[PDB]
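A.B. asks: Coordinates in query-v9.cif, mmCIF, C-alpha atoms, are listed below.
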```cif
data_my_file
loop_
_atom_site.label_atom_id
_atom_site.label_comp_id
_atom_site.auth_asym_id
_atom_site.auth_seq_id
_atom_site.Cartn_x
_atom_site.Cartn_y
_atom_site.Cartn_z
CA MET U 3 14.26 -2.29 22.39
CA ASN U 4 11.17 -1.40 20.33
CA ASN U 5 10.89 -2.35 16.66
CA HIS U 6 8.31 0.02 15.34
CA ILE U 7 5.57 -2.16 13.88
CA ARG U 8 1.93 -1.32 14.52
CA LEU U 9 -0.92 -3.62 13.29
CA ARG U 10 -4.52 -2.35 13.22
CA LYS U 11 -7.74 -3.59 11.72
CA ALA U 12 -8.38 -1.56 8.57
CA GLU U 13 -11.82 -0.08 9.09
CA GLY U 14 -14.60 -0.62 6.55
CA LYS U 15 -14.45 -2.24 3.13
CA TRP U 16 -11.07 -2.25 1.45
CA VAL U 17 -10.50 -2.99 -2.21
CA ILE U 18 -7.52 -3.95 -4.37
CA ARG U 19 -7.75 -3.46 -8.14
CA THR U 20 -5.92 -2.76 -11.34
CA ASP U 21 -7.02 -0.33 -14.00
CA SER U 22 -9.17 -3.09 -15.48
CA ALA U 23 -10.22 -5.65 -12.86
CA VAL U 24 -11.14 -5.95 -9.17
CA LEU U 25 -8.81 -8.46 -7.48
CA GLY U 26 -10.10 -8.21 -3.89
CA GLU U 27 -12.68 -6.84 -1.39
CA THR U 28 -12.41 -7.38 2.33
CA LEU U 29 -13.85 -6.31 5.66
CA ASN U 30 -10.78 -7.73 7.44
CA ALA U 31 -7.80 -5.96 5.97
CA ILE U 32 -4.89 -5.37 8.39
CA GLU U 33 -2.94 -2.09 8.33
CA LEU U 34 0.76 -2.42 9.03
CA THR U 35 2.79 0.70 9.77
CA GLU U 36 6.58 0.44 10.38
CA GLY U 37 7.84 3.64 11.93
CA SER U 38 6.80 6.72 10.01
CA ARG U 39 6.53 4.86 6.68
CA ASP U 40 3.29 4.88 4.77
CA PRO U 41 1.04 2.13 6.06
CA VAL U 42 0.78 -1.03 3.91
CA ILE U 43 -2.60 -2.84 3.67
CA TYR U 44 -2.61 -6.63 3.98
CA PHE U 45 -5.54 -8.60 2.51
CA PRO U 46 -6.63 -12.05 3.65
CA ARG U 47 -5.98 -14.60 0.91
CA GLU U 48 -9.53 -15.97 0.93
CA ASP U 49 -10.72 -12.53 -0.17
CA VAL U 50 -8.33 -12.18 -3.14
CA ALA U 51 -8.97 -13.70 -6.63
CA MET U 52 -5.91 -15.93 -6.43
CA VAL U 53 -6.79 -17.71 -9.64
CA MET U 54 -5.12 -14.69 -11.38
CA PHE U 55 -1.80 -15.12 -9.45
CA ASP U 56 1.41 -17.07 -10.19
CA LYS U 57 3.95 -17.66 -7.35
CA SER U 58 7.26 -16.11 -8.33
CA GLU U 59 10.88 -17.18 -7.84
CA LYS U 60 11.66 -13.86 -6.07
CA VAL U 61 11.94 -13.72 -2.30
CA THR U 62 13.08 -10.91 -0.01
CA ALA U 63 14.10 -11.07 3.66
CA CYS U 64 12.89 -8.57 6.24
CA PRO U 65 14.57 -8.82 9.70
CA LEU U 66 11.39 -7.96 11.52
CA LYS U 67 8.68 -9.73 9.44
CA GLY U 68 10.48 -12.71 7.81
CA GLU U 69 10.59 -13.98 4.23
CA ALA U 70 8.34 -12.29 1.64
CA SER U 71 7.04 -14.60 -1.13
CA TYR U 72 6.10 -12.81 -4.33
CA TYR U 73 3.36 -13.27 -6.92
CA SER U 74 2.74 -12.09 -10.43
CA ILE U 75 -0.77 -11.01 -11.43
CA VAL U 76 -2.17 -11.75 -14.87
CA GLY U 77 -4.70 -9.41 -16.48
CA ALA U 78 -6.08 -8.08 -19.79
CA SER U 79 -2.90 -6.15 -20.48
CA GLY U 80 -0.41 -8.82 -19.46
CA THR U 81 1.54 -9.88 -16.42
CA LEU U 82 2.23 -7.58 -13.48
CA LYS U 83 5.51 -9.09 -12.51
CA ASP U 84 6.09 -9.58 -8.76
CA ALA U 85 3.28 -7.07 -8.05
CA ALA U 86 2.08 -8.76 -4.83
CA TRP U 87 3.74 -10.33 -1.85
CA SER U 88 2.98 -12.27 1.32
CA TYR U 89 4.70 -13.22 4.57
CA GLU U 90 3.63 -16.86 4.53
CA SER U 91 5.56 -17.81 7.73
CA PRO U 92 5.90 -14.53 9.60
CA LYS U 93 8.32 -13.89 12.46
CA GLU U 94 7.02 -13.80 16.03
CA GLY U 95 4.46 -11.09 16.74
CA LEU U 96 3.33 -10.80 13.12
CA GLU U 97 1.28 -14.00 12.80
CA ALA U 98 -1.88 -11.95 12.23
CA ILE U 99 -0.77 -11.30 8.60
CA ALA U 100 0.32 -14.88 7.84
CA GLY U 101 -0.53 -15.59 4.21
CA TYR U 102 -2.12 -12.19 3.61
CA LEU U 103 -1.29 -10.35 0.39
CA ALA U 104 -0.03 -6.78 0.03
CA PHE U 105 0.36 -4.94 -3.31
CA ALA U 106 2.79 -2.79 -5.33
CA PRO U 107 1.23 0.70 -5.79
CA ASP U 108 3.02 1.35 -9.11
CA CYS U 109 0.49 -0.90 -10.86
CA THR U 110 -2.38 -1.55 -8.43
CA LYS U 111 -4.72 0.64 -6.44
CA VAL U 112 -5.69 -0.08 -2.85
CA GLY U 113 -8.18 1.96 -0.89
CA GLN U 114 -11.24 2.14 1.33
CA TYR U 115 -14.61 1.94 -0.45
#
```
Please re-express this file's structure in structure tokens.
C.D. replies:
Amino acid sequence: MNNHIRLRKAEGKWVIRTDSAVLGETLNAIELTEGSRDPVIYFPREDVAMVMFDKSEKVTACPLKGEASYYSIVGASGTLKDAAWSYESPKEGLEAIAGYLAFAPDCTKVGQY
């Protein structure tokens, strides 16, 4: 009865940024792939510039991972509404990403350095 979630250590230095600021660098990103979906990179919170983030009212439920809390990111151009999320109390098997942040690609760029 396999769910299809694979977690790997993202190799090398991974960065999260906007078009105008660098929000995070880490050597300990986790890559999460669910089935044949594009992998999503999760960043440890200590490596993200959280001072630029406001917790949002939005939440979403995922049967496999748990409840996603959302955050808005403030920058030079304004607020990126609900542009980041985190599974702050993940379901069993996914505790490795507890509190890590992942990011909306429509307005952020994530990638290996």
A.B. asks: Considering all atoms listed in the file, can you say which of U:11, U:60, U:93, U:83 comes closest to residue 46 (chain U)?
C.D. replies: U:11
A.B. asks: List the residues sitting within 9 Å of (-4.2, -12.7, 3.7) in the file's frame, using all atoms listed in the file, as a count of residues only.
C.D. replies: 19
A.B. asks: Here's a test: counting only C-alpha atoms, identify every protein, DNA and RNA residue with an atom at most 10 Å from (11.4, -10.6, 10.2) in the file's coordinate frame, and state them as a VMD selection string.
C.D. replies: chain U and resid 63 to 70 89 91 to 96
A.B. asks: Work out how far apart CA of residue 42 (chain U) and CA of residue 61 (chain U) are and give it in Å to one decimal.
C.D. replies: 18.0 Å
A.B. asks: Please evaluate the PyMOL selection byres ((chain U and resi 17) around 6) against the structure above and give the resulting residues as a list in words.
C.D. replies: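 What the PyMOL selection byres ((chain U and resi 17) around 6) grabs from the file is residues 16, 18, 26, 27, 112 and 113 of chain U.
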A.B. asks: Which residues fall under the PyMOL selection byres ((chain U and resi 73) around 8) in this file, as an mmCIF file with C-alpha atoms, keeping the file's coordinate frame?
C.D. replies:
```cif
data_model
loop_
_atom_site.group_PDB
_atom_site.id
_atom_site.type_symbol
_atom_site.label_atom_id
_atom_site.label_comp_id
_atom_site.auth_asym_id
_atom_site.auth_seq_id
_atom_site.Cartn_x
_atom_site.Cartn_y
_atom_site.Cartn_z
ATOM 1 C CA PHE U 55 -1.800 -15.120 -9.450
ATOM 2 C CA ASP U 56 1.410 -17.070 -10.190
ATOM 3 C CA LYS U 57 3.950 -17.660 -7.350
ATOM 4 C CA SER U 58 7.260 -16.110 -8.330
ATOM 5 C CA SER U 71 7.040 -14.600 -1.130
ATOM 6 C CA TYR U 72 6.100 -12.810 -4.330
ATOM 7 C CA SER U 74 2.740 -12.090 -10.430
ATOM 8 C CA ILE U 75 -0.770 -11.010 -11.430
ATOM 9 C CA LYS U 83 5.510 -9.090 -12.510
ATOM 10 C CA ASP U 84 6.090 -9.580 -8.760
ATOM 11 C CA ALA U 85 3.280 -7.070 -8.050
ATOM 12 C CA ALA U 86 2.080 -8.760 -4.830
ATOM 13 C CA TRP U 87 3.740 -10.330 -1.850
#
```
A.B. asks: Report as a CSV table (one decimal) with C-alpha atoms, keeping the file's coordinate frame all protein, DNA and RNA residues lying within 12 Å of residue 22 (chain U), evaluated on only C-alpha atoms, omitting residues in the same chain fewer than 3 positions from it.
C.D. replies:
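Done, and the output landed in around39.csv:
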```
chain,number,residue,atom,x,y,z
U,18,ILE,CA,-7.5,-4.0,-4.4
U,19,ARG,CA,-7.8,-3.5,-8.1
U,25,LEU,CA,-8.8,-8.5,-7.5
U,76,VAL,CA,-2.2,-11.8,-14.9
U,77,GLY,CA,-4.7,-9.4,-16.5
U,78,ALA,CA,-6.1,-8.1,-19.8
U,79,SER,CA,-2.9,-6.2,-20.5
U,80,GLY,CA,-0.4,-8.8,-19.5
U,109,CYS,CA,0.5,-0.9,-10.9
U,110,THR,CA,-2.4,-1.6,-8.4
U,111,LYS,CA,-4.7,0.6,-6.4
```
A.B. asks: Of the residues U:36, U:30, U:114, U:24, which is the one nearest to residue 4 (chain U), using all atoms listed in the file?
C.D. replies: U:36
A.B. asks: By how many Å are CA of residue 21 (chain U) and CA of residue 9 (chain U) apart?
C.D. replies: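 Those two atoms sit 28.2 Å apart.
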A.B. asks: Counting all atoms listed in the file, figure out which residue out of U:105, U:8, U:14, U:97 gets nearest to residue 39 (chain U).
C.D. replies: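 Once distances to residue 39 (chain U) are computed over all atoms listed in the file, the minimum belongs to U:8.
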A.B. asks: As an exercise, work out the distance from CA of residue 23 (chain U) to CA of residue 51 (chain U) in Å and give it to one decimal place.
C.D. replies: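 Calculated distance between CA of residue 23 (chain U) and CA of residue 51 (chain U) is 10.3 Å.
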A.B. asks: From the list U:52, U:15, U:62, U:6, which residue is nearest residue 35 (chain U) when using all atoms listed in the file?
C.D. replies: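 Closest residue, counting all atoms listed in the file: U:6.
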A.B. asks: Kindly reconstruct region 15-30 of chain U with N, CA, C and O atoms and present the result as a PDB file, in the coordinates of the input.
C.D. replies:
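Now in out_19.pdb:
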```pdb
ATOM      1  N   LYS U  15     -14.686  -1.374   4.266  1.00  0.00           N
ATOM      2  CA  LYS U  15     -14.450  -2.240   3.130  1.00  0.00           C
ATOM      3  C   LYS U  15     -13.239  -1.741   2.377  1.00  0.00           C
ATOM      4  O   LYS U  15     -13.202  -0.603   1.942  1.00  0.00           O
ATOM      5  N   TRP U  16     -12.259  -2.603   2.198  1.00  0.00           N
ATOM      6  CA  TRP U  16     -11.070  -2.250   1.450  1.00  0.00           C
ATOM      7  C   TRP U  16     -10.998  -3.083   0.178  1.00  0.00           C
ATOM      8  O   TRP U  16     -11.327  -4.280   0.169  1.00  0.00           O
ATOM      9  N   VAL U  17     -10.546  -2.429  -0.879  1.00  0.00           N
ATOM     10  CA  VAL U  17     -10.500  -2.990  -2.210  1.00  0.00           C
ATOM     11  C   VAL U  17      -9.082  -2.912  -2.797  1.00  0.00           C
ATOM     12  O   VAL U  17      -8.296  -1.972  -2.524  1.00  0.00           O
ATOM     13  N   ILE U  18      -8.746  -3.924  -3.578  1.00  0.00           N
ATOM     14  CA  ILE U  18      -7.520  -3.950  -4.370  1.00  0.00           C
ATOM     15  C   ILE U  18      -7.961  -4.156  -5.831  1.00  0.00           C
ATOM     16  O   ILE U  18      -8.782  -5.008  -6.161  1.00  0.00           O
ATOM     17  N   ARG U  19      -7.401  -3.355  -6.713  1.00  0.00           N
ATOM     18  CA  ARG U  19      -7.750  -3.460  -8.140  1.00  0.00           C
ATOM     19  C   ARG U  19      -6.621  -2.982  -9.031  1.00  0.00           C
ATOM     20  O   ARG U  19      -5.622  -2.433  -8.564  1.00  0.00           O
ATOM     21  N   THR U  20      -6.782  -3.254 -10.310  1.00  0.00           N
ATOM     22  CA  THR U  20      -5.920  -2.760 -11.340  1.00  0.00           C
ATOM     23  C   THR U  20      -6.772  -1.730 -12.053  1.00  0.00           C
ATOM     24  O   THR U  20      -7.891  -1.421 -11.623  1.00  0.00           O
ATOM     25  N   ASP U  21      -6.270  -1.244 -13.167  1.00  0.00           N
ATOM     26  CA  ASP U  21      -7.020  -0.330 -14.000  1.00  0.00           C
ATOM     27  C   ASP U  21      -8.136  -1.021 -14.780  1.00  0.00           C
ATOM     28  O   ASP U  21      -8.912  -0.357 -15.493  1.00  0.00           O
ATOM     29  N   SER U  22      -8.192  -2.346 -14.685  1.00  0.00           N
ATOM     30  CA  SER U  22      -9.170  -3.090 -15.480  1.00  0.00           C
ATOM     31  C   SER U  22      -9.906  -4.249 -14.813  1.00  0.00           C
ATOM     32  O   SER U  22     -10.771  -4.855 -15.456  1.00  0.00           O
ATOM     33  N   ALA U  23      -9.589  -4.551 -13.560  1.00  0.00           N
ATOM     34  CA  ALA U  23     -10.220  -5.650 -12.860  1.00  0.00           C
ATOM     35  C   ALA U  23     -10.155  -5.421 -11.356  1.00  0.00           C
ATOM     36  O   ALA U  23      -9.286  -4.721 -10.869  1.00  0.00           O
ATOM     37  N   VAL U  24     -11.110  -5.991 -10.630  1.00  0.00           N
ATOM     38  CA  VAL U  24     -11.140  -5.950  -9.170  1.00  0.00           C
ATOM     39  C   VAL U  24     -10.585  -7.289  -8.639  1.00  0.00           C
ATOM     40  O   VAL U  24     -11.145  -8.345  -8.870  1.00  0.00           O
ATOM     41  N   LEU U  25      -9.476  -7.236  -7.942  1.00  0.00           N
ATOM     42  CA  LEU U  25      -8.810  -8.460  -7.480  1.00  0.00           C
ATOM     43  C   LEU U  25      -9.202  -8.851  -6.077  1.00  0.00           C
ATOM     44  O   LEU U  25      -8.993 -10.005  -5.700  1.00  0.00           O
ATOM     45  N   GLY U  26      -9.739  -7.912  -5.283  1.00  0.00           N
ATOM     46  CA  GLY U  26     -10.100  -8.210  -3.890  1.00  0.00           C
ATOM     47  C   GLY U  26     -10.903  -7.155  -3.159  1.00  0.00           C
ATOM     48  O   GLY U  26     -10.691  -5.968  -3.386  1.00  0.00           O
ATOM     49  N   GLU U  27     -11.834  -7.625  -2.314  1.00  0.00           N
ATOM     50  CA  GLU U  27     -12.680  -6.840  -1.390  1.00  0.00           C
ATOM     51  C   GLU U  27     -12.614  -7.525  -0.036  1.00  0.00           C
ATOM     52  O   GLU U  27     -12.813  -8.747   0.077  1.00  0.00           O
ATOM     53  N   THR U  28     -12.400  -6.760   1.020  1.00  0.00           N
ATOM     54  CA  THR U  28     -12.410  -7.380   2.330  1.00  0.00           C
ATOM     55  C   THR U  28     -12.887  -6.451   3.424  1.00  0.00           C
ATOM     56  O   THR U  28     -12.705  -5.247   3.343  1.00  0.00           O
ATOM     57  N   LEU U  29     -13.486  -7.034   4.454  1.00  0.00           N
ATOM     58  CA  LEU U  29     -13.850  -6.310   5.660  1.00  0.00           C
ATOM     59  C   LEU U  29     -12.841  -6.596   6.769  1.00  0.00           C
ATOM     60  O   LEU U  29     -13.032  -6.157   7.898  1.00  0.00           O
ATOM     61  N   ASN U  30     -11.771  -7.320   6.446  1.00  0.00           N
ATOM     62  CA  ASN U  30     -10.780  -7.730   7.440  1.00  0.00           C
ATOM     63  C   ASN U  30      -9.364  -7.466   7.032  1.00  0.00           C
ATOM     64  O   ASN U  30      -8.460  -8.244   7.375  1.00  0.00           O
TER      65      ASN U  30
END
```
